[PDB]
file work.cif (mmCIF, C-alpha atoms and all ligand atoms)
data_model
#
loop_
_atom_site.label_atom_id
_atom_site.label_comp_id
_atom_site.auth_asym_id
_atom_site.auth_seq_id
_atom_site.Cartn_x
_atom_site.Cartn_y
_atom_site.Cartn_z
CA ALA I 11 -19.98 -18.64 -45.98
CA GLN I 12 -18.53 -15.82 -48.09
CA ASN I 13 -19.65 -12.19 -47.51
CA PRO I 14 -21.86 -13.02 -44.49
CA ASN I 15 -22.71 -9.36 -43.73
CA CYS I 16 -24.05 -9.00 -47.36
CA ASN I 17 -21.91 -6.01 -48.25
CA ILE I 18 -21.87 -4.65 -51.78
CA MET I 19 -18.67 -5.91 -53.44
CA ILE I 20 -16.67 -4.10 -56.09
CA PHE I 21 -14.77 -6.02 -58.76
CA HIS I 22 -11.85 -5.01 -61.01
CA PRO I 23 -11.50 -7.77 -63.69
CA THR I 24 -8.44 -7.82 -65.90
CA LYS I 25 -8.91 -7.79 -69.70
CA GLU I 26 -8.32 -11.54 -69.62
CA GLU I 27 -11.00 -12.09 -67.00
CA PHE I 28 -13.41 -9.89 -69.04
CA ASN I 29 -13.67 -12.36 -71.86
CA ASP I 30 -16.04 -14.90 -70.46
CA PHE I 31 -19.12 -13.20 -68.98
CA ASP I 32 -20.78 -16.31 -67.47
CA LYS I 33 -17.53 -17.43 -65.86
CA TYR I 34 -16.99 -14.00 -64.22
CA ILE I 35 -20.56 -13.93 -62.80
CA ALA I 36 -19.94 -17.36 -61.33
CA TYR I 37 -16.60 -16.08 -59.88
CA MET I 38 -18.30 -13.12 -58.23
CA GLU I 39 -20.86 -15.49 -56.66
CA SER I 40 -17.99 -17.76 -55.41
CA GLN I 41 -16.85 -14.72 -53.41
CA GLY I 42 -20.36 -14.06 -52.00
CA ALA I 43 -21.28 -11.06 -54.12
CA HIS I 44 -24.91 -12.14 -54.57
CA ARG I 45 -25.57 -12.01 -50.89
CA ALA I 46 -25.70 -8.17 -51.12
CA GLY I 47 -28.22 -8.20 -54.01
CA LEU I 48 -25.99 -5.79 -56.03
CA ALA I 49 -22.32 -5.69 -57.17
CA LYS I 50 -20.21 -3.10 -59.02
CA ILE I 51 -17.87 -4.11 -61.87
CA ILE I 52 -15.22 -1.62 -63.00
CA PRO I 53 -14.14 -2.64 -66.56
CA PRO I 54 -10.44 -3.06 -67.41
CA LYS I 55 -8.74 0.16 -68.40
CA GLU I 56 -8.24 -1.16 -72.00
CA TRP I 57 -12.01 -1.61 -72.56
CA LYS I 58 -14.49 0.74 -74.08
CA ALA I 59 -18.22 0.44 -74.89
CA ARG I 60 -17.89 2.55 -78.01
CA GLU I 61 -15.52 5.23 -79.43
CA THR I 62 -17.55 8.37 -78.62
CA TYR I 63 -21.00 9.56 -77.56
CA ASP I 64 -20.89 12.55 -79.91
CA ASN I 65 -23.60 11.35 -82.24
CA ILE I 66 -26.52 10.26 -79.94
CA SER I 67 -28.71 13.37 -80.00
CA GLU I 68 -31.09 12.17 -82.60
CA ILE I 69 -32.29 9.09 -80.68
CA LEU I 70 -36.03 9.56 -79.99
CA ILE I 71 -37.62 9.33 -76.62
CA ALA I 72 -41.15 8.56 -77.92
CA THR I 73 -42.88 8.68 -74.50
CA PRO I 74 -40.98 10.68 -71.84
CA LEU I 75 -42.45 10.05 -68.39
CA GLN I 76 -43.06 12.85 -65.78
CA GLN I 77 -42.68 11.21 -62.37
CA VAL I 78 -45.28 12.81 -60.08
CA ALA I 79 -45.03 11.93 -56.35
CA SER I 80 -47.68 11.58 -53.60
CA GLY I 81 -47.08 11.02 -49.91
CA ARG I 82 -44.41 12.20 -47.50
CA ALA I 83 -40.73 12.85 -48.15
CA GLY I 84 -39.53 9.43 -46.97
CA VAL I 85 -42.60 7.33 -47.94
CA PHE I 86 -44.20 8.12 -51.31
CA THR I 87 -45.51 6.70 -54.53
CA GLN I 88 -44.94 8.00 -58.03
CA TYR I 89 -47.06 7.85 -61.14
CA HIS I 90 -45.88 8.33 -64.65
CA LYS I 91 -47.55 10.98 -66.75
CA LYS I 92 -46.87 10.59 -70.47
CA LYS I 93 -45.36 13.62 -72.26
CA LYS I 94 -44.83 14.52 -75.92
CA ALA I 95 -41.93 12.88 -77.79
CA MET I 96 -38.56 14.53 -77.80
CA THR I 97 -35.04 13.74 -79.04
CA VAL I 98 -32.10 12.98 -76.73
CA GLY I 99 -30.69 16.42 -77.66
CA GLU I 100 -33.95 18.11 -76.65
CA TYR I 101 -34.12 16.05 -73.40
CA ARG I 102 -30.46 16.91 -72.49
CA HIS I 103 -31.25 20.62 -72.89
CA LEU I 104 -34.31 20.19 -70.68
CA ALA I 105 -32.32 18.32 -68.00
CA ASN I 106 -29.75 21.20 -67.97
CA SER I 107 -32.44 23.92 -67.65
CA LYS I 108 -32.79 25.97 -64.50
CA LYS I 109 -36.08 24.16 -63.63
CA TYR I 110 -34.55 20.66 -63.78
CA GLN I 111 -30.79 20.88 -63.25
CA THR I 112 -28.83 19.41 -60.36
CA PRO I 113 -28.46 21.97 -57.51
CA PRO I 114 -25.20 23.10 -56.08
CA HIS I 115 -23.87 20.53 -53.66
CA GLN I 116 -20.69 19.54 -51.73
CA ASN I 117 -20.42 15.85 -52.42
CA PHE I 118 -22.59 12.78 -53.15
CA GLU I 119 -23.77 12.61 -49.51
CA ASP I 120 -24.99 16.22 -49.53
CA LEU I 121 -26.82 15.53 -52.83
CA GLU I 122 -28.40 12.39 -51.33
CA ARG I 123 -29.68 14.50 -48.38
CA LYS I 124 -31.17 17.02 -50.80
CA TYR I 125 -32.81 14.22 -52.88
CA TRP I 126 -34.62 12.74 -49.86
CA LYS I 127 -35.59 16.09 -48.45
CA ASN I 128 -36.95 17.58 -51.64
CA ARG I 129 -37.79 14.88 -54.24
CA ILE I 130 -41.51 14.91 -53.68
CA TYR I 131 -41.79 18.63 -54.47
CA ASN I 132 -40.66 18.25 -58.03
CA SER I 133 -41.69 16.11 -61.05
CA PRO I 134 -38.60 15.16 -63.11
CA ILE I 135 -38.95 13.67 -66.63
CA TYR I 136 -37.41 10.18 -67.31
CA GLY I 137 -36.75 8.60 -70.77
CA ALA I 138 -37.11 5.04 -69.69
CA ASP I 139 -37.44 1.66 -71.18
CA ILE I 140 -36.38 2.56 -74.75
CA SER I 141 -35.50 -0.61 -76.78
CA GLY I 142 -31.98 -0.27 -78.24
CA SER I 143 -28.22 -0.31 -77.57
CA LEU I 144 -25.27 2.07 -77.45
CA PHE I 145 -22.59 -0.73 -77.53
CA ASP I 146 -20.50 -0.73 -80.69
CA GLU I 147 -21.01 -4.00 -82.57
CA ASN I 148 -17.28 -4.51 -82.47
CA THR I 149 -17.15 -4.44 -78.65
CA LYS I 150 -16.85 -8.14 -77.89
CA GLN I 151 -16.62 -8.12 -74.05
CA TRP I 152 -19.66 -7.33 -71.86
CA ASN I 153 -21.69 -6.05 -74.77
CA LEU I 154 -25.24 -6.04 -73.37
CA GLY I 155 -26.70 -6.58 -76.83
CA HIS I 156 -24.69 -9.84 -77.30
CA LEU I 157 -25.41 -11.76 -74.16
CA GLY I 158 -26.71 -15.33 -74.08
CA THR I 159 -30.54 -15.16 -73.94
CA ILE I 160 -32.73 -16.18 -71.02
CA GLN I 161 -34.70 -18.46 -73.39
CA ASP I 162 -31.50 -20.29 -74.32
CA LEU I 163 -30.57 -20.61 -70.62
CA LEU I 164 -33.94 -22.13 -69.78
CA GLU I 165 -33.52 -24.52 -72.72
CA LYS I 166 -30.00 -25.52 -71.67
CA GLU I 167 -31.03 -26.12 -68.02
CA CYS I 168 -34.49 -27.59 -68.43
CA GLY I 169 -34.60 -28.93 -72.00
CA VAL I 170 -37.71 -27.02 -73.10
CA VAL I 171 -37.56 -24.72 -76.16
CA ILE I 172 -39.67 -21.57 -75.77
CA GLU I 173 -40.65 -18.51 -77.79
CA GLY I 174 -39.45 -15.03 -76.82
CA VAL I 175 -36.56 -12.66 -77.17
CA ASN I 176 -34.35 -10.71 -74.73
CA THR I 177 -33.08 -7.22 -75.83
CA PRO I 178 -31.57 -4.25 -73.99
CA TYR I 179 -33.17 -0.99 -72.93
CA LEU I 180 -31.86 2.58 -72.73
CA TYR I 181 -32.61 5.01 -69.90
CA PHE I 182 -32.07 8.76 -70.23
CA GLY I 183 -32.23 10.42 -66.78
CA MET I 184 -32.07 13.78 -65.12
CA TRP I 185 -31.75 15.07 -61.53
CA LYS I 186 -34.29 13.38 -59.21
CA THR I 187 -35.44 10.77 -61.76
CA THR I 188 -36.28 7.78 -59.63
CA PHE I 189 -36.47 4.00 -59.81
CA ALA I 190 -38.92 2.55 -57.29
CA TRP I 191 -38.33 -0.46 -55.03
CA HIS I 192 -38.50 -3.68 -57.09
CA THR I 193 -36.97 -6.97 -58.03
CA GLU I 194 -36.69 -7.95 -61.70
CA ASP I 195 -39.40 -9.72 -63.67
CA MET I 196 -39.38 -13.40 -62.60
CA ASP I 197 -36.67 -12.42 -60.04
CA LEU I 198 -34.06 -12.41 -62.90
CA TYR I 199 -30.63 -10.81 -62.72
CA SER I 200 -30.11 -7.44 -64.28
CA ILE I 201 -26.97 -5.74 -65.61
CA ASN I 202 -26.78 -1.97 -66.03
CA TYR I 203 -24.04 0.04 -67.73
CA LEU I 204 -23.83 3.78 -67.15
CA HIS I 205 -22.72 5.02 -70.62
CA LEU I 206 -22.37 8.71 -69.87
CA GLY I 207 -23.19 11.64 -67.69
CA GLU I 208 -23.91 12.06 -64.02
CA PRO I 209 -24.04 9.30 -61.40
CA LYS I 210 -26.82 6.97 -60.27
CA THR I 211 -27.25 6.13 -56.52
CA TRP I 212 -28.54 2.67 -55.68
CA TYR I 213 -30.11 1.15 -52.57
CA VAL I 214 -30.45 -2.63 -52.16
CA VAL I 215 -31.83 -5.21 -49.72
CA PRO I 216 -30.00 -8.58 -49.47
CA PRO I 217 -32.06 -11.38 -51.11
CA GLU I 218 -32.17 -13.32 -47.89
CA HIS I 219 -34.01 -10.37 -46.29
CA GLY I 220 -36.36 -9.42 -49.07
CA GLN I 221 -39.46 -10.50 -47.20
CA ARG I 222 -38.63 -7.94 -44.46
CA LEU I 223 -38.84 -5.22 -47.01
CA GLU I 224 -42.16 -6.63 -48.34
CA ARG I 225 -43.69 -6.68 -44.83
CA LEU I 226 -42.69 -3.03 -44.26
CA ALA I 227 -44.12 -2.06 -47.62
CA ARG I 228 -47.47 -3.71 -46.77
CA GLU I 229 -47.56 -1.62 -43.51
CA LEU I 230 -46.56 1.66 -45.29
CA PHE I 231 -48.79 1.27 -48.34
CA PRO I 232 -51.82 -0.43 -46.83
CA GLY I 233 -54.42 0.27 -49.59
CA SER I 234 -51.97 -0.87 -52.29
CA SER I 235 -51.32 -4.06 -50.32
CA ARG I 236 -55.05 -4.88 -50.16
CA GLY I 237 -55.34 -4.30 -53.93
CA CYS I 238 -52.54 -6.73 -54.87
CA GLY I 239 -50.53 -9.40 -53.12
CA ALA I 240 -47.38 -8.36 -55.07
CA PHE I 241 -47.80 -4.68 -55.47
CA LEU I 242 -44.09 -3.87 -55.53
CA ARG I 243 -44.26 -5.37 -59.07
CA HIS I 244 -46.04 -2.11 -59.99
CA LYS I 245 -42.78 -0.29 -59.50
CA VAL I 246 -44.25 2.79 -57.84
CA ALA I 247 -43.26 2.79 -54.15
CA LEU I 248 -40.37 4.62 -52.50
CA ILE I 249 -39.05 4.28 -48.97
CA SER I 250 -36.05 6.36 -47.77
CA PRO I 251 -32.93 5.09 -46.08
CA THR I 252 -33.92 6.91 -42.90
CA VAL I 253 -37.25 5.05 -42.86
CA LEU I 254 -35.61 1.72 -43.60
CA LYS I 255 -33.13 2.31 -40.67
CA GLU I 256 -36.02 3.29 -38.32
CA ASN I 257 -37.73 -0.03 -39.13
CA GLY I 258 -34.63 -2.22 -38.89
CA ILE I 259 -34.56 -3.27 -42.56
CA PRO I 260 -31.13 -4.43 -43.69
CA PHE I 261 -29.85 -2.53 -46.79
CA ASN I 262 -26.81 -1.04 -48.45
CA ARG I 263 -26.14 1.88 -50.75
CA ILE I 264 -23.59 2.68 -53.47
CA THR I 265 -23.12 5.30 -56.23
CA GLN I 266 -22.42 4.15 -59.83
CA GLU I 267 -20.43 6.50 -62.09
CA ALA I 268 -20.11 6.68 -65.84
CA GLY I 269 -18.13 3.76 -67.22
CA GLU I 270 -19.18 1.30 -64.51
CA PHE I 271 -21.43 -1.80 -64.53
CA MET I 272 -23.86 -2.84 -61.81
CA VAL I 273 -25.32 -6.33 -61.49
CA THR I 274 -28.48 -6.99 -59.53
CA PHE I 275 -28.97 -10.60 -58.30
CA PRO I 276 -32.17 -12.70 -58.14
CA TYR I 277 -34.61 -11.37 -55.58
CA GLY I 278 -32.36 -8.36 -54.72
CA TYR I 279 -34.78 -5.46 -54.13
CA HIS I 280 -33.33 -2.19 -55.40
CA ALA I 281 -34.29 1.51 -55.78
CA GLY I 282 -32.39 4.68 -56.60
CA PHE I 283 -32.07 8.05 -58.32
CA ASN I 284 -30.06 9.92 -60.92
CA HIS I 285 -27.83 12.87 -60.04
CA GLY I 286 -28.21 14.72 -63.34
CA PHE I 287 -28.37 14.12 -67.11
CA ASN I 288 -27.20 10.55 -67.86
CA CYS I 289 -27.73 7.54 -70.11
CA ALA I 290 -27.76 3.93 -68.90
CA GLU I 291 -28.34 0.61 -70.74
CA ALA I 292 -29.72 -2.47 -68.97
CA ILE I 293 -30.94 -5.99 -69.70
CA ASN I 294 -32.13 -9.00 -67.77
CA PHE I 295 -30.20 -12.27 -67.75
CA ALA I 296 -30.21 -15.69 -66.19
CA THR I 297 -27.74 -18.29 -64.89
CA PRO I 298 -28.37 -21.82 -63.64
CA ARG I 299 -28.73 -20.51 -60.09
CA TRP I 300 -31.69 -18.30 -61.16
CA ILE I 301 -33.96 -21.20 -62.05
CA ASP I 302 -35.05 -21.85 -58.49
CA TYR I 303 -35.80 -18.14 -57.95
CA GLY I 304 -37.83 -18.04 -61.12
CA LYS I 305 -39.98 -20.90 -59.87
CA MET I 306 -40.73 -19.07 -56.59
CA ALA I 307 -41.14 -15.51 -57.90
CA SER I 308 -44.25 -13.63 -56.86
CA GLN I 309 -46.55 -12.39 -59.36
CA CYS I 310 -48.95 -9.43 -59.87
CA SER I 311 -52.27 -10.76 -61.25
CA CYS I 312 -54.34 -7.50 -60.47
CA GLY I 313 -53.56 -6.21 -63.89
CA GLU I 314 -51.37 -3.30 -62.97
CA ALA I 315 -47.88 -4.73 -63.64
CA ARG I 316 -48.36 -5.50 -67.39
CA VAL I 317 -45.11 -6.91 -68.82
CA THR I 318 -43.32 -8.23 -71.91
CA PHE I 319 -44.29 -10.94 -74.30
CA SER I 320 -41.38 -13.11 -73.18
CA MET I 321 -42.52 -13.37 -69.54
CA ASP I 322 -45.43 -15.57 -70.73
CA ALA I 323 -43.30 -18.56 -71.36
CA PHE I 324 -41.36 -18.19 -68.12
CA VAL I 325 -44.64 -18.30 -66.10
CA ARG I 326 -46.05 -21.06 -68.22
CA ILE I 327 -43.07 -23.40 -67.79
CA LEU I 328 -41.78 -22.50 -64.32
CA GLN I 329 -45.13 -21.67 -62.63
CA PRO I 330 -47.85 -23.70 -64.38
CA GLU I 331 -50.26 -23.52 -61.39
CA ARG I 332 -50.13 -19.68 -61.44
CA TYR I 333 -50.32 -19.43 -65.24
CA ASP I 334 -54.11 -19.16 -65.74
CA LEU I 335 -54.60 -16.45 -63.05
CA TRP I 336 -51.48 -14.45 -64.11
CA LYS I 337 -52.59 -14.50 -67.77
CA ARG I 338 -56.06 -13.14 -66.76
CA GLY I 339 -54.05 -10.22 -65.26
CA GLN I 340 -52.21 -9.78 -68.57
CA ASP I 341 -55.53 -9.85 -70.61
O1 LIG I 401 -31.52 2.60 -64.12
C1 LIG I 401 -32.79 2.55 -63.84
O2 LIG I 401 -33.68 3.50 -63.89
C2 LIG I 401 -33.42 1.30 -63.31
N1 LIG I 401 -32.56 0.14 -63.58
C3 LIG I 401 -32.71 -1.02 -62.95
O3 LIG I 401 -33.66 -1.28 -62.11
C4 LIG I 401 -31.82 -2.17 -63.30
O4 LIG I 401 -30.84 -2.04 -64.05
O5 LIG I 401 -32.23 -3.27 -62.80
MG MG I 402 -28.42 10.24 -82.91
NI NI I 403 -34.04 -3.22 -61.78
ZN ZN I 404 -50.83 -5.93 -59.00
#
call {"tool": "encode", "arguments": {"input": "work.cif", "output": "structure tokens", "more": "lines below"}}
Ligand SMILES: O=C(O)CNC(=O)C(=O)O
Ligand SMILES: [Mg+2]
Ligand code: NI
Ligand SMILES: [Zn+2]
result
Amino acid sequence: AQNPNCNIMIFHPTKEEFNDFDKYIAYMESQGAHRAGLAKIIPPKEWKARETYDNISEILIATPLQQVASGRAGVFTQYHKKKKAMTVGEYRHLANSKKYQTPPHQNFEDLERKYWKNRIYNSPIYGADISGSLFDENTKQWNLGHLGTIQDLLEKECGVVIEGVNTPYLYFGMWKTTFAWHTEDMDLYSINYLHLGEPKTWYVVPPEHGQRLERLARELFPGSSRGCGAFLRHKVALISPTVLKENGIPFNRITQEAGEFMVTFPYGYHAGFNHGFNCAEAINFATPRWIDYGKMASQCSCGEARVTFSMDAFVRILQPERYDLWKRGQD
């Protein structure tokens, strides 16, 4: 068995190997990369996502989200308070202000210490989930707006044509902006490209040990667990590495820098934080190996998780028994 300790693997494809996206994912899996839940892909030195980032300031962040925490430093939830619209140029200036900027630090490990110690005492503002793309249309390799769609994968594997579309999303972050512990919708893959700015630190639990993380979360968030049998689908709960180590949960960590891709694998729980002003682009995707994970994915039916149009068909075809109850949650 390849990669039996489930370590995060890092890949350095040549320009030739960067042509065929599906083939390279399958290669990474042949080496055991999925066992970690997360992999890093450093693009060939010849590749670029676009020529410059000099003209992005007029993108609108229609609904910036202030991430307000409750709990203790290592075990907390966050809620998202909607703020007034602002442009990317306005948000970058805000991120760089004395109130929100990254503090002085020695290295990534010192910054990580400061994040876990102090996150809860501040409320950073995240421009998340903004439909669009920063890939130049002429970038032909690993262009997250030109991937094969999940609907076409389901049709190729299972023969059933379904409605729905699959487009990328932009994330504009600042110091302390936080992504809570989750897997993807329908336990899909995700791919995330850090276009510019400061790093993003990731934590991940191997897919084979995901249920250990779920059992800890039910113990640590006991009211949320009674409210919903899949409450991590709400994407609000944080648990620190120190707490995970104290409770024997297997995980790994890695820092992504500008110019790098990360891939999350089906049922790979992940969480993390931004180091400073940055912009990332991400999208879900599928491969043939996903189909069995899609069929087994948990679902929130309490009404909190509220998701895309396109998830309807995935539930309806892969999980017909759950469909009725899940759709009640969506309506
Ligand atoms: O970058 C973020 O805030 C969150 N991204 C992801 O969870 C991802 O790409 O799957
Ligand atoms: Mg612009
Ligand atoms: Ni994710
Ligand atoms: Zn729920």
call {"tool": "axis_aligned_box", "arguments": {"input": "work.cif", "around": "ligand LIG 401 (chain I)", "padding_each_side": "8 Å", "output": "JSON"}}
result
{"center_x": -32.3, "center_y": 0.1, "center_z": -63.1, "size_x": 18.8, "size_y": 22.8, "size_z": 18.0}
call {"tool": "residues_near_ligand", "arguments": {"input": "work.cif", "ligand": "ligand LIG 401 (chain I)", "cutoff": "9 Å", "atoms": "all atoms listed in the file", "output": "ChimeraX atom specification"}}
result
/I:136,138-139,180-183,187-194,199-204,210,212,272-274,280-284,289-294
call {"tool": "closest_residue", "arguments": {"input": "work.cif", "among": "I:36, I:259, I:105, I:20", "to": "residue 297 (chain I)", "atoms": "all atoms listed in the file"}}
result
I:36
call {"tool": "closest_residue", "arguments": {"input": "work.cif", "among": "I:298, I:99, I:178, I:239", "to": "ligand MG 402 (chain I)", "atoms": "all atoms listed in the file"}}
result
I:99
call {"tool": "closest_residue", "arguments": {"input": "work.cif", "among": "I:45, I:102, I:156, I:243", "to": "ligand NI 403 (chain I)", "atoms": "only C-alpha atoms and all ligand atoms"}}
result
I:243
call {"tool": "residues_near_ligand", "arguments": {"input": "work.cif", "ligand": "ligand MG 402 (chain I)", "cutoff": "8 Å", "atoms": "all atoms listed in the file", "output": "PyMOL selection string"}}
result
chain I and resi 65-69+98
call {"tool": "atom_distance", "arguments": {"input": "work.cif", "atom1": "CA of residue 286 (chain I)", "atom2": "CA of residue 231 (chain I)"}}
result
28.8 Å
call {"tool": "residues_around", "arguments": {"input": "work.cif", "residues": "residue 311 (chain I)", "least_positions_apart": "6", "cutoff": "9 Å", "atoms": "all atoms listed in the file", "output": "VMD selection string"}}
result
chain I and resid 238 to 240 335 to 340
call {"tool": "closest_residue", "arguments": {"input": "work.cif", "among": "I:305, I:225, I:103, I:186", "to": "residue 88 (chain I)", "atoms": "only C-alpha atoms"}}
result
I:186
call {"tool": "closest_residue", "arguments": {"input": "work.cif", "among": "I:100, I:165, I:30, I:61", "to": "residue 301 (chain I)", "atoms": "only C-alpha atoms"}}
result
I:165
call {"tool": "closest_residue", "arguments": {"input": "work.cif", "among": "I:116, I:109, I:64, I:275", "to": "ligand NI 403 (chain I)", "atoms": "all atoms listed in the file"}}
result
I:275
call {"tool": "atom_distance", "arguments": {"input": "work.cif", "atom1": "CA of residue 237 (chain I)", "atom2": "CA of residue 328 (chain I)"}}
result
25.0 Å
